[PDB]
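Enquirer: Could you have a look at this structure, given as structure tokens, before my questions?
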Amino acid sequence: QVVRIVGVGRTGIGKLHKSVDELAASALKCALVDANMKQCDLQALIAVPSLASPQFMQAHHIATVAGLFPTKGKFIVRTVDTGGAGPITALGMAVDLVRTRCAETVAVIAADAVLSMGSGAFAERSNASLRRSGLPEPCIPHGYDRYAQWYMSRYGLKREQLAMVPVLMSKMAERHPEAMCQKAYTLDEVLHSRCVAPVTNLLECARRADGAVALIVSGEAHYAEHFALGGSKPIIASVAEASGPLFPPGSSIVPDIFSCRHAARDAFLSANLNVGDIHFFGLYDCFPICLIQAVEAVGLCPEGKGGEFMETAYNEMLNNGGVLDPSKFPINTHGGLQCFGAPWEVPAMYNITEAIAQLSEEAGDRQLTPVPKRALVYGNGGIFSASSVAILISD
Amino acid sequence: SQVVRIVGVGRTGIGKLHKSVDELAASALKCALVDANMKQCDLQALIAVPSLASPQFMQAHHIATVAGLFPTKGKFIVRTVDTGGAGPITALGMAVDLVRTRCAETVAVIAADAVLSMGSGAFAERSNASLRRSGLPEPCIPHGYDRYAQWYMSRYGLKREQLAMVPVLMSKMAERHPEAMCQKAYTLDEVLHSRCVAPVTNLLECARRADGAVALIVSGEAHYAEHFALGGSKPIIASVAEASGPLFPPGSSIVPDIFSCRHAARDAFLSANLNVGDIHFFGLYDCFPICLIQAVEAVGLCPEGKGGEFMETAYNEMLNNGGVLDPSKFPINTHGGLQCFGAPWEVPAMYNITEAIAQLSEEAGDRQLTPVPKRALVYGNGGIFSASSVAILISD
Ligand SMILES: CC(=O)CC(=O)SCCNC(=O)CCNC(=O)[C@H](O)C(C)(C)COP(=O)(O)OP(=O)(O)OC[C@H]1O[C@@H](n2cnc3c(N)ncnc32)[C@H](O)[C@@H]1OP(=O)(O)O
Ligand SMILES: CC(=O)CC(=O)SCCNC(=O)CCNC(=O)[C@H](O)C(C)(C)COP(=O)(O)OP(=O)(O)OC[C@H]1O[C@@H](n2cnc3c(N)ncnc32)[C@H](O)[C@@H]1OP(=O)(O)O
């Protein structure tokens, strides 16, 4: 059965001074208007946890405070935690609910407020997320830093190639007014920015933000009959997942730890497509090593060569009068976690929303020509611990 | 499309174990693998539920990492799901889905907690914080269920003593299970005389805090037969269904459509192509008496609003049978349930499953139903009637 994303809604991004409940409720209202639906048309809701306001049975808490109950007929609610892979994991769960006929329509919601919560509270709760890892604080950046160092030793990845990631992302961010990064970085600025971990500087770190996104998923026929273009409500062609350890081993690490390749392969197989058929990529980029690993995993370049992929794109940007042409780097045209923003487990949602914009020819000055017919989105959780990949097609 | 079975069960003891949640989870999983005649490397997925005693970001991943499941040779899918006490059965349905879509041929489902060892102060704090914005007085969860019980008394004429009969019946079952935390059956007077917790809920009517963990291994029948290989000891998961309701009750009393167990039960029966008369064992979530009263109505063991009378007739028959509760006349929670077996937060719907397996395989001992049940229904509930999960297990 053909399943589509039929509604998208979201809040702004940044320091919003709103509760997580308020942000979630706003995003969902927006998504329902976008889908030409009302609350009573929803048959399920899936959410992911919040760091700023952790709640027991988060999805149920959101649904209750947002006034979805009482309901006429069946309503299935669930919370899932696969870290930043969560929004795409949930998307796959939504497809499953529709295909098994447990729910004809499904809301998927992610919301957080990790900028408004304050630096002290964020540091405490984000570091506590990695107890027993043995990682120095801040733990998540140090975890990714250890994998980056392994890459440099194993594959010859260069320090400057890591720093090129936020440069490229910032060039994309410039063409998105909502992106938190306003002015593109130079390579020198990134390398001169405050050190956070041995090979990770401040400008290479995911940008704390508040924000929420809601998606509505429905069977194609069901939607056509009741609620009444292809690219603006894309088909979810496939979703696949894979996993790895929550944190790295004390002693350096093996290639089979990385799970994105497995997820990507299975998503391509399920969709009956190859990398050459995909013309937009929304790839999780919490740190440069994540994006470098991602481009390899999805088949944009050979294993161990992701750093060189960045350098060629950087060099071409420099030779093109400092302009990063989207057609030569069809990745994260919104700016990613680096430069658009990162509300904890939310931002894989922005890969989906940017893919939809590209597919529907509504991406503006970021728009790819010709219009992409197919897109791939990738969510990552933990420290390369969860991989979720989906392929979206217009028709 | 494809037949999926529970091929391995493992669990720890129950009570005050003074072990970490990680340690309990790892032990349960090792036990389940031995029970399935499998090794770690034969697992292709792991689903877990959160712990109150040791909350962890990406709980399932944390457990899998500390337990040494990585590095792995092939694909391995890990996820944590939260539907409260409905979680173990929710996860069971997700495991079936992973097998049928061919994402994973084998799936471990794990629940672990240590809410007795964590201490009363910490438990009260974290359990009450679980219901922020509810407006419920402390302890919040008991008061939430208490409000629904009071509504039942006003709406359907449920009597106070009929609530108190639930733990009496459960304690009679618990007596015949050596692992159950309750070892001496209660009298009705003892329950009614016990310390008040909420307006119509006393201490002996409350879910019994405990530590414990359970692990299940789920696999396609053919896959399992080829590589690792009775029907009742490794039962078919015939169907799983879910439904939901608000996390906490409205300020002003409440409507019948709030309750979701009936919907979940109906859909599970439809998926399995069975009726209530085909089921001869019921493992029904019973965190408080009102939960069990609602459950027996929802699954079709008695009419709506009459669950209290169902308890009273069983109680009266027990009294007229020399104080002996005959399992064949009350084929429900033969282990003692959350009331009298024990309740490690989101774990105890696992014990409905393990008791169903024991009954189906004729390994339930002095609790054993005769004739041997061929089919069982298990029910998990989360929040305050907020999540319903129902599964039907059959031997063949
Ligand atoms: C969840 C999953 O499963 C997977 C994942 O997403 S992994 C990624 C999760 N997210 C993170 O790890 C967050 C990374 N960031 C951090 O840990 C911290 O922000 C940090 C260690 C980098 C800095 O912490 P800090 O010392 O408290 O500085 P912080 O208060 O954050 O920011 C200070 C300033 O730098 C700026 N800044 C911070 N990060 C920036 C970035 N990436 N780019 C540009 N500017 C930045 C801010 O604008 C801020 O300005 P003001 O002082 O004027 O407000
Ligand atoms: C999570 C979901 O999604 C759905 C659900 O499961 S909802 C149910 C979740 N679980 C609960 O709500 C737990 C219910 N229990 C409680 O809230 C509390 O234990 C309580 C309010 C009943 C009592 O708290 P308290 O005043 O601190 O007493 P507590 O420390 O628990 O124990 C009191 C004593 O009586 C005994 N006792 C406690 N509960 C008992 C019970 N249900 N039956 C028999 N004996 C009990 C204990 O052995 C203890 O003995 P000592 O103090 O002499 O060692």
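So you can find residues: chains in the structure tokens are A, B, ... in the order shown, residues in each start at 1, and ligands are numbered from 1 in order.
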Among the residues of stretch 181-360 of chain B, find those DSSP assigns to alpha helix (DSSP H) from the backbone and print them as a PyMOL selection string.

Expert: chain B and resi 188-193+221-227+261-272+289-298+307-320+337-340+349-360

Enquirer: Considering only C-alpha atoms and all ligand atoms, tabulate each residue of chain B that lies at most 7 Å from ligand 2 along with its nearest interatomic pair and the corresponding distance in Å to one decimal; arrange the rows by chain and ascending residue number and present them as CSV.

Expert:
residue,atom,partner,partner_atom_place_in_ligand_line,distance
B:83,CA,ligand 2,3 (O),6.8
B:84,CA,ligand 2,3 (O),3.4
B:85,CA,ligand 2,3 (O),3.8
B:86,CA,ligand 2,3 (O),6.6
B:120,CA,ligand 2,30 (O),4.8
B:121,CA,ligand 2,27 (O),6.9
B:124,CA,ligand 2,17 (O),6.6
B:139,CA,ligand 2,21 (C),5.9
B:141,CA,ligand 2,12 (O),5.3
B:142,CA,ligand 2,12 (O),5.7
B:182,CA,ligand 2,44 (C),6.9
B:197,CA,ligand 2,21 (C),5.7
B:203,CA,ligand 2,22 (C),5.0
B:204,CA,ligand 2,43 (N),4.1
B:205,CA,ligand 2,42 (N),5.8
B:206,CA,ligand 2,42 (N),4.3
B:207,CA,ligand 2,14 (C),4.7
B:208,CA,ligand 2,42 (N),4.1
B:209,CA,ligand 2,13 (C),5.7
B:287,CA,ligand 2,8 (C),4.9
B:339,CA,ligand 2,42 (N),5.9
B:340,CA,ligand 2,43 (N),6.8
B:343,CA,ligand 2,10 (N),6.8
B:345,CA,ligand 2,1 (C),4.9
B:346,CA,ligand 2,1 (C),5.2
B:381,CA,ligand 2,4 (C),5.9
B:382,CA,ligand 2,3 (O),3.2
B:383,CA,ligand 2,3 (O),4.0
B:384,CA,ligand 2,4 (C),6.6

Enquirer: Residues within 7 Å of ligand 1 should be enumerated using only C-alpha atoms and all ligand atoms and returned as a list in words.

Expert: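 Using only C-alpha atoms and all ligand atoms, I find these residues within 7 Å of ligand 1: residues 82, 83, 84, 85, 119, 120, 123, 138, 140, 141, 181, 196, 202, 203, 204, 205, 206, 207, 208, 286, 338, 339, 342, 344, 345, 380, 381, 382 and 383 of chain A.
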
Enquirer: Could you list the residues in chain A lying within 7 Å of chain B, using only C-alpha atoms, and format the result as a VMD selection string?

Expert: chain A and resid 55 to 57 60 to 61 64 69 to 70 74 to 83 129 241 to 246 257 262

Enquirer: Tell me, as a PDB file with N, CA, C and O atoms, in the first residue's frame, which residues lie within 12 Å of residue B:29, counting only C-alpha atoms; anything in the same chain fewer than 5 positions away does not count.

Expert:
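Listing of out-v5.pdb after writing:
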ATOM      1  N   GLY B   8      11.881 -18.214  23.430  1.00  0.00           N
ATOM      2  CA  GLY B   8      12.723 -18.182  24.616  1.00  0.00           C
ATOM      3  C   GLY B   8      12.159 -17.238  25.655  1.00  0.00           C
ATOM      4  O   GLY B   8      11.700 -16.151  25.313  1.00  0.00           O
ATOM      5  N   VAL B   9      12.157 -17.684  26.910  1.00  0.00           N
ATOM      6  CA  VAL B   9      11.776 -16.864  28.055  1.00  0.00           C
ATOM      7  C   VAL B   9      12.875 -16.969  29.103  1.00  0.00           C
ATOM      8  O   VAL B   9      13.392 -18.052  29.361  1.00  0.00           O
ATOM      9  N   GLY B  10      13.235 -15.837  29.691  1.00  0.00           N
ATOM     10  CA  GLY B  10      14.191 -15.800  30.782  1.00  0.00           C
ATOM     11  C   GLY B  10      13.789 -14.717  31.752  1.00  0.00           C
ATOM     12  O   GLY B  10      13.204 -13.710  31.356  1.00  0.00           O
ATOM     13  N   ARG B  11      14.061 -14.937  33.028  1.00  0.00           N
ATOM     14  CA  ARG B  11      13.785 -13.915  34.021  1.00  0.00           C
ATOM     15  C   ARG B  11      14.618 -14.086  35.266  1.00  0.00           C
ATOM     16  O   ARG B  11      15.189 -15.147  35.516  1.00  0.00           O
ATOM     17  N   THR B  12      14.683 -13.012  36.032  1.00  0.00           N
ATOM     18  CA  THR B  12      15.339 -13.017  37.316  1.00  0.00           C
ATOM     19  C   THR B  12      14.303 -13.384  38.366  1.00  0.00           C
ATOM     20  O   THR B  12      13.132 -13.620  38.045  1.00  0.00           O
ATOM     21  N   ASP B  22      20.868  -2.741  34.756  1.00  0.00           N
ATOM     22  CA  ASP B  22      21.725  -3.357  33.734  1.00  0.00           C
ATOM     23  C   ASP B  22      22.037  -4.823  34.024  1.00  0.00           C
ATOM     24  O   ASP B  22      21.960  -5.666  33.123  1.00  0.00           O
ATOM     25  N   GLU B  23      22.400  -5.118  35.273  1.00  0.00           N
ATOM     26  CA  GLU B  23      22.695  -6.492  35.708  1.00  0.00           C
ATOM     27  C   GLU B  23      21.479  -7.408  35.576  1.00  0.00           C
ATOM     28  O   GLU B  23      21.591  -8.539  35.097  1.00  0.00           O
ATOM     29  N   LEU B  24      20.319  -6.913  35.991  1.00  0.00           N
ATOM     30  CA  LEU B  24      19.078  -7.687  35.894  1.00  0.00           C
ATOM     31  C   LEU B  24      18.703  -7.963  34.447  1.00  0.00           C
ATOM     32  O   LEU B  24      18.350  -9.092  34.102  1.00  0.00           O
ATOM     33  N   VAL B  34      19.552 -19.142  26.585  1.00  0.00           N
ATOM     34  CA  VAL B  34      19.693 -20.552  26.953  1.00  0.00           C
ATOM     35  C   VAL B  34      18.363 -21.288  26.755  1.00  0.00           C
ATOM     36  O   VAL B  34      18.343 -22.410  26.235  1.00  0.00           O
ATOM     37  N   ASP B  35      17.261 -20.651  27.151  1.00  0.00           N
ATOM     38  CA  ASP B  35      15.925 -21.228  26.968  1.00  0.00           C
ATOM     39  C   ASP B  35      15.577 -21.436  25.495  1.00  0.00           C
ATOM     40  O   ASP B  35      14.846 -22.365  25.156  1.00  0.00           O
ATOM     41  N   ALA B  36      16.083 -20.558  24.630  1.00  0.00           N
ATOM     42  CA  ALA B  36      15.819 -20.632  23.193  1.00  0.00           C
ATOM     43  C   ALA B  36      16.825 -21.503  22.439  1.00  0.00           C
ATOM     44  O   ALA B  36      16.663 -21.715  21.241  1.00  0.00           O
ATOM     45  N   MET B  38      19.940 -20.618  21.883  1.00  0.00           N
ATOM     46  CA  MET B  38      20.556 -19.622  21.006  1.00  0.00           C
ATOM     47  C   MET B  38      21.730 -18.958  21.710  1.00  0.00           C
ATOM     48  O   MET B  38      21.863 -19.039  22.931  1.00  0.00           O
ATOM     49  N   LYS B  39      22.570 -18.298  20.923  1.00  0.00           N
ATOM     50  CA  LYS B  39      23.640 -17.461  21.451  1.00  0.00           C
ATOM     51  C   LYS B  39      23.396 -16.014  21.030  1.00  0.00           C
ATOM     52  O   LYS B  39      22.581 -15.756  20.143  1.00  0.00           O
ATOM     53  N   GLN B  40      24.101 -15.082  21.674  1.00  0.00           N
ATOM     54  CA  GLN B  40      24.006 -13.647  21.364  1.00  0.00           C
ATOM     55  C   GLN B  40      23.995 -13.352  19.875  1.00  0.00           C
ATOM     56  O   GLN B  40      23.158 -12.589  19.393  1.00  0.00           O
ATOM     57  N   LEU B  43      20.868 -13.189  17.706  1.00  0.00           N
ATOM     58  CA  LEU B  43      19.905 -12.085  17.823  1.00  0.00           C
ATOM     59  C   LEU B  43      20.098 -11.049  16.721  1.00  0.00           C
ATOM     60  O   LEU B  43      21.223 -10.654  16.428  1.00  0.00           O
ATOM     61  N   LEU B  46      16.737  -5.935  19.300  1.00  0.00           N
ATOM     62  CA  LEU B  46      16.468  -5.828  20.719  1.00  0.00           C
ATOM     63  C   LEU B  46      15.527  -4.642  20.957  1.00  0.00           C
ATOM     64  O   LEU B  46      15.778  -3.542  20.479  1.00  0.00           O
ATOM     65  N   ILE B  47      14.438  -4.893  21.664  1.00  0.00           N
ATOM     66  CA  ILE B  47      13.500  -3.840  22.068  1.00  0.00           C
ATOM     67  C   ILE B  47      13.418  -3.826  23.582  1.00  0.00           C
ATOM     68  O   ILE B  47      13.245  -4.872  24.209  1.00  0.00           O
ATOM     69  N   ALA B  48      13.525  -2.638  24.174  1.00  0.00           N
ATOM     70  CA  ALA B  48      13.406  -2.508  25.615  1.00  0.00           C
ATOM     71  C   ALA B  48      12.451  -1.389  25.992  1.00  0.00           C
ATOM     72  O   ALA B  48      12.035  -0.599  25.151  1.00  0.00           O
ATOM     73  N   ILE B  63      21.586  -0.801  27.491  1.00  0.00           N
ATOM     74  CA  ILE B  63      21.554  -2.178  27.958  1.00  0.00           C
ATOM     75  C   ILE B  63      22.379  -3.080  27.043  1.00  0.00           C
ATOM     76  O   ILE B  63      23.216  -3.853  27.518  1.00  0.00           O
ATOM     77  N   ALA B  64      22.140  -2.971  25.736  1.00  0.00           N
ATOM     78  CA  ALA B  64      22.838  -3.787  24.746  1.00  0.00           C
ATOM     79  C   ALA B  64      24.353  -3.568  24.775  1.00  0.00           C
ATOM     80  O   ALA B  64      25.129  -4.510  24.559  1.00  0.00           O
ATOM     81  N   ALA B  67      25.835  -4.895  28.183  1.00  0.00           N
ATOM     82  CA  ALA B  67      25.730  -6.356  28.162  1.00  0.00           C
ATOM     83  C   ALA B  67      26.679  -7.030  27.160  1.00  0.00           C
ATOM     84  O   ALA B  67      26.748  -8.258  27.104  1.00  0.00           O
ATOM     85  N   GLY B  68      27.384  -6.236  26.356  1.00  0.00           N
ATOM     86  CA  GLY B  68      28.408  -6.760  25.454  1.00  0.00           C
ATOM     87  C   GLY B  68      27.890  -7.370  24.164  1.00  0.00           C
ATOM     88  O   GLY B  68      28.501  -8.292  23.629  1.00  0.00           O
ATOM     89  N   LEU B  69      26.768  -6.869  23.653  1.00  0.00           N
ATOM     90  CA  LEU B  69      26.221  -7.383  22.393  1.00  0.00           C
ATOM     91  C   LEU B  69      26.979  -6.851  21.175  1.00  0.00           C
ATOM     92  O   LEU B  69      26.908  -7.443  20.100  1.00  0.00           O
ATOM     93  N   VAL B 107      14.223 -11.545  17.573  1.00  0.00           N
ATOM     94  CA  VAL B 107      14.076 -10.286  18.330  1.00  0.00           C
ATOM     95  C   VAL B 107      14.024 -10.551  19.827  1.00  0.00           C
ATOM     96  O   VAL B 107      13.218 -11.341  20.294  1.00  0.00           O
ATOM     97  N   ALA B 108      14.883  -9.869  20.582  1.00  0.00           N
ATOM     98  CA  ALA B 108      14.816  -9.904  22.029  1.00  0.00           C
ATOM     99  C   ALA B 108      13.949  -8.741  22.527  1.00  0.00           C
ATOM    100  O   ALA B 108      14.074  -7.627  22.040  1.00  0.00           O
ATOM    101  N   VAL B 109      13.055  -9.024  23.467  1.00  0.00           N
ATOM    102  CA  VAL B 109      12.249  -7.993  24.132  1.00  0.00           C
ATOM    103  C   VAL B 109      12.582  -8.045  25.608  1.00  0.00           C
ATOM    104  O   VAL B 109      12.428  -9.091  26.241  1.00  0.00           O
ATOM    105  N   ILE B 110      13.040  -6.917  26.154  1.00  0.00           N
ATOM    106  CA  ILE B 110      13.517  -6.868  27.533  1.00  0.00           C
ATOM    107  C   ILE B 110      12.844  -5.762  28.335  1.00  0.00           C
ATOM    108  O   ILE B 110      12.698  -4.652  27.860  1.00  0.00           O
ATOM    109  N   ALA B 111      12.447  -6.097  29.553  1.00  0.00           N
ATOM    110  CA  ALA B 111      11.991  -5.122  30.544  1.00  0.00           C
ATOM    111  C   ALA B 111      12.710  -5.405  31.854  1.00  0.00           C
ATOM    112  O   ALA B 111      12.787  -6.558  32.282  1.00  0.00           O
ATOM    113  N   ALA B 112      13.231  -4.359  32.489  1.00  0.00           N
ATOM    114  CA  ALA B 112      13.961  -4.493  33.747  1.00  0.00           C
ATOM    115  C   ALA B 112      13.768  -3.251  34.620  1.00  0.00           C
ATOM    116  O   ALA B 112      13.788  -2.134  34.122  1.00  0.00           O
ATOM    117  N   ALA B 213      13.427  -8.551  36.240  1.00  0.00           N
ATOM    118  CA  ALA B 213      13.568  -8.394  34.805  1.00  0.00           C
ATOM    119  C   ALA B 213      13.091  -9.649  34.089  1.00  0.00           C
ATOM    120  O   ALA B 213      13.172 -10.753  34.632  1.00  0.00           O
ATOM    121  N   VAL B 214      12.570  -9.461  32.881  1.00  0.00           N
ATOM    122  CA  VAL B 214      12.162 -10.563  32.022  1.00  0.00           C
ATOM    123  C   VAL B 214      12.647 -10.280  30.612  1.00  0.00           C
ATOM    124  O   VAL B 214      12.643  -9.133  30.164  1.00  0.00           O
ATOM    125  N   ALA B 215      13.071 -11.330  29.917  1.00  0.00           N
ATOM    126  CA  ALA B 215      13.470 -11.232  28.532  1.00  0.00           C
ATOM    127  C   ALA B 215      12.736 -12.305  27.727  1.00  0.00           C
ATOM    128  O   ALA B 215      12.572 -13.434  28.193  1.00  0.00           O
ATOM    129  N   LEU B 216      12.252 -11.919  26.552  1.00  0.00           N
ATOM    130  CA  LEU B 216      11.591 -12.825  25.624  1.00  0.00           C
ATOM    131  C   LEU B 216      12.381 -12.841  24.332  1.00  0.00           C
ATOM    132  O   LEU B 216      12.909 -11.818  23.920  1.00  0.00           O
ATOM    133  N   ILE B 217      12.457 -14.003  23.689  1.00  0.00           N
ATOM    134  CA  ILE B 217      13.017 -14.094  22.357  1.00  0.00           C
ATOM    135  C   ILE B 217      11.877 -14.464  21.404  1.00  0.00           C
ATOM    136  O   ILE B 217      11.127 -15.397  21.666  1.00  0.00           O
TER     137      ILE B 217
END

Enquirer: Excluding residue A:27 and residues on its chain fewer than 6 positions from it, collect all residues at most 7 Å away from it, counting only C-alpha atoms, and give them as a PyMOL selection string.

Expert: chain A and resi 9-11+212-214

Enquirer: If we count only C-alpha atoms, what is near residue A:343 at a cut-off of 12 Å, once residues fewer than 6 positions away on the same chain are taken out, given as a PyMOL selection string?

Expert: chain A and resi 11-16+20+23+48-52+83-84+110-117+122+180+206-213+286+336-337+349-350

Enquirer: Please write the residues from the selection above to a file, keeping C-alpha atoms, as a CSV table (one decimal), in the first residue's frame.

Expert:
chain,number,residue,atom,x,y,z
A,11,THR,CA,7.5,26.2,14.7
A,12,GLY,CA,10.3,28.6,14.2
A,13,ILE,CA,13.8,27.7,15.5
A,14,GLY,CA,16.0,29.4,18.1
A,15,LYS,CA,15.3,30.8,21.5
A,16,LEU,CA,11.5,30.8,21.6
A,20,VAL,CA,7.9,21.8,24.9
A,23,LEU,CA,5.8,23.9,20.7
A,48,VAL,CA,10.1,11.2,20.7
A,49,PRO,CA,11.5,12.3,24.1
A,50,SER,CA,12.5,15.8,25.1
A,51,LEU,CA,15.7,16.6,27.0
A,52,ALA,CA,14.4,20.0,28.2
A,83,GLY,CA,18.0,9.4,19.8
A,84,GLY,CA,18.3,11.7,16.7
A,110,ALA,CA,9.3,15.8,17.8
A,111,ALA,CA,9.7,18.9,20.1
A,112,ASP,CA,12.4,20.3,22.3
A,113,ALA,CA,13.7,23.5,23.9
A,114,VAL,CA,17.4,22.9,24.6
A,115,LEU,CA,18.5,26.5,23.9
A,116,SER,CA,15.9,28.0,26.3
A,117,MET,CA,16.8,25.5,29.1
A,122,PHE,CA,21.8,21.3,29.0
A,180,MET,CA,20.4,30.1,13.0
A,206,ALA,CA,25.5,20.9,16.5
A,207,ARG,CA,23.8,24.3,17.2
A,208,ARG,CA,21.5,24.2,20.3
A,209,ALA,CA,18.0,25.4,19.5
A,210,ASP,CA,14.3,25.1,20.4
A,211,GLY,CA,11.9,23.9,17.8
A,212,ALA,CA,9.2,21.4,16.9
A,213,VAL,CA,8.0,19.6,13.8
A,286,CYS,CA,25.7,16.7,14.4
A,336,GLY,CA,21.9,20.9,8.9
A,337,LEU,CA,22.4,20.6,12.6
A,349,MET,CA,12.7,16.3,10.9
A,350,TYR,CA,14.4,19.2,9.1

Enquirer: Would you list the contacts of stretch 152-157 of chain A as number ranges by chain, taking every protein, DNA or RNA residue within 12 Å and counting only C-alpha atoms, but skipping same-chain residues closer than 4 positions in sequence?

Expert: A: 145-148, 161-164, 199, 252-255, 288-289, 292-293, 302-311

Enquirer: Taking C-alpha atoms for each residue, export the selection above as a short mmCIF file (atom, residue, chain, number, x, y, z; two decimals), in the first residue's frame.

Expert:
data_model
loop_
_atom_site.label_atom_id
_atom_site.label_comp_id
_atom_site.auth_asym_id
_atom_site.auth_seq_id
_atom_site.Cartn_x
_atom_site.Cartn_y
_atom_site.Cartn_z
CA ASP A 145 35.85 13.16 18.50
CA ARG A 146 37.23 9.67 19.31
CA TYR A 147 35.73 8.30 16.07
CA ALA A 148 37.13 11.27 14.12
CA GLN A 161 38.57 18.33 5.97
CA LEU A 162 36.54 18.06 9.19
CA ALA A 163 36.50 21.88 9.44
CA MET A 164 35.24 22.17 5.85
CA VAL A 199 39.73 17.69 16.88
CA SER A 252 40.53 1.92 19.58
CA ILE A 253 37.15 0.53 17.18
CA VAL A 254 36.23 -1.38 14.00
CA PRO A 255 34.41 -0.56 10.71
CA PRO A 288 31.68 16.80 10.81
CA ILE A 289 32.63 13.12 11.23
CA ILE A 292 31.78 12.40 6.38
CA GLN A 293 30.64 8.92 7.43
CA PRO A 302 34.04 5.43 -1.49
CA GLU A 303 34.63 4.27 2.09
CA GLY A 304 37.30 6.32 3.88
CA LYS A 305 37.12 9.09 1.25
CA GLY A 306 34.38 11.31 2.76
CA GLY A 307 36.95 13.92 3.82
CA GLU A 308 38.16 14.20 0.22
CA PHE A 309 34.54 14.56 -0.94
CA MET A 310 34.27 17.63 1.33
CA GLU A 311 37.60 19.07 0.10
#

Enquirer: As an NGL selection string, list the residues of stretch 248-290 of chain B assigned to strand (DSSP E or B) by DSSP on the backbone atoms of this structure.

Expert: :B and (281-284)

Enquirer: Quick one: everything within 8 Å of residue A:167, counting only C-alpha atoms, minus sequence neighbours fewer than 2 positions away in the same chain. Send it as a short mmCIF file (atom, residue, chain, number, x, y, z; two decimals) with N, CA, C and O atoms, in the first residue's frame.

Expert:
data_model
loop_
_atom_site.label_atom_id
_atom_site.label_comp_id
_atom_site.auth_asym_id
_atom_site.auth_seq_id
_atom_site.Cartn_x
_atom_site.Cartn_y
_atom_site.Cartn_z
N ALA A 163 36.89 20.47 9.29
CA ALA A 163 36.50 21.88 9.44
C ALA A 163 35.75 22.42 8.23
O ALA A 163 35.01 23.39 8.34
N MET A 164 35.95 21.78 7.07
CA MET A 164 35.24 22.17 5.85
C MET A 164 33.74 21.90 5.91
O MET A 164 32.99 22.52 5.18
N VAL A 165 33.31 20.97 6.76
CA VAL A 165 31.90 20.61 6.84
C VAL A 165 31.04 21.83 7.26
O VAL A 165 30.10 22.17 6.55
N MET A 169 28.11 23.85 5.16
CA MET A 169 26.78 23.98 5.77
C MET A 169 26.38 25.44 5.97
O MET A 169 25.22 25.79 5.78
N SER A 170 27.33 26.28 6.35
CA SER A 170 27.06 27.70 6.56
C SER A 170 26.73 28.42 5.25
O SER A 170 25.95 29.38 5.24
N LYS A 171 27.34 27.97 4.16
CA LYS A 171 27.02 28.49 2.83
C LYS A 171 25.57 28.17 2.47
O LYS A 171 24.88 28.99 1.87
N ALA A 184 28.13 33.05 6.43
CA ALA A 184 28.96 31.89 6.13
C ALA A 184 30.32 32.00 6.82
O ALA A 184 30.86 33.10 6.95
N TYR A 185 30.86 30.87 7.25
CA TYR A 185 32.17 30.83 7.90
C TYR A 185 33.27 30.68 6.86
O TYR A 185 33.03 30.19 5.76
N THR A 186 34.48 31.10 7.22
CA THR A 186 35.67 30.74 6.47
C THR A 186 36.33 29.56 7.17
O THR A 186 36.08 29.32 8.35
N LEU A 187 37.17 28.83 6.44
CA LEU A 187 37.88 27.69 7.03
C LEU A 187 38.71 28.13 8.23
O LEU A 187 38.71 27.47 9.27
N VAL A 190 36.59 28.64 11.43
CA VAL A 190 36.23 27.37 12.06
C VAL A 190 37.42 26.83 12.84
O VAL A 190 37.28 26.45 14.00
#

Enquirer: In Å, how far is it from atom CA of residue A:226 to atom CA of residue A:106?

Expert: 14.9 Å

Enquirer: My list of candidates is A:67, A:299, A:73, A:92. Which is closest to residue A:240 when distances are computed with only C-alpha atoms?

Expert: A:92

Enquirer: Have a look at atom CA of residue A:386 and atom CA of residue A:142 and let me know their distance in Å, one decimal.

Expert: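 Answer for the atom CA of residue A:386 to atom CA of residue A:142 separation: 17.6 Å.
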
Enquirer: Taking only C-alpha atoms into account, which of A:274, A:133, A:3, A:389 comes nearest residue A:97?

Expert: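 Ranked by minimum distance to residue A:97, first place goes to A:3.
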
Enquirer: Under the rule that only C-alpha atoms are counted, which of B:135, B:144, B:337, B:232 is the nearest residue to residue B:372?

Expert: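 The closest residue to residue B:372 is B:232.
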
Enquirer: Give me, please, the distance in Å between atom CA of residue B:341 and atom CA of residue B:13, quoted to one decimal.

Expert: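 Straight-line distance from atom CA of residue B:341 to atom CA of residue B:13 works out to 11.0 Å.
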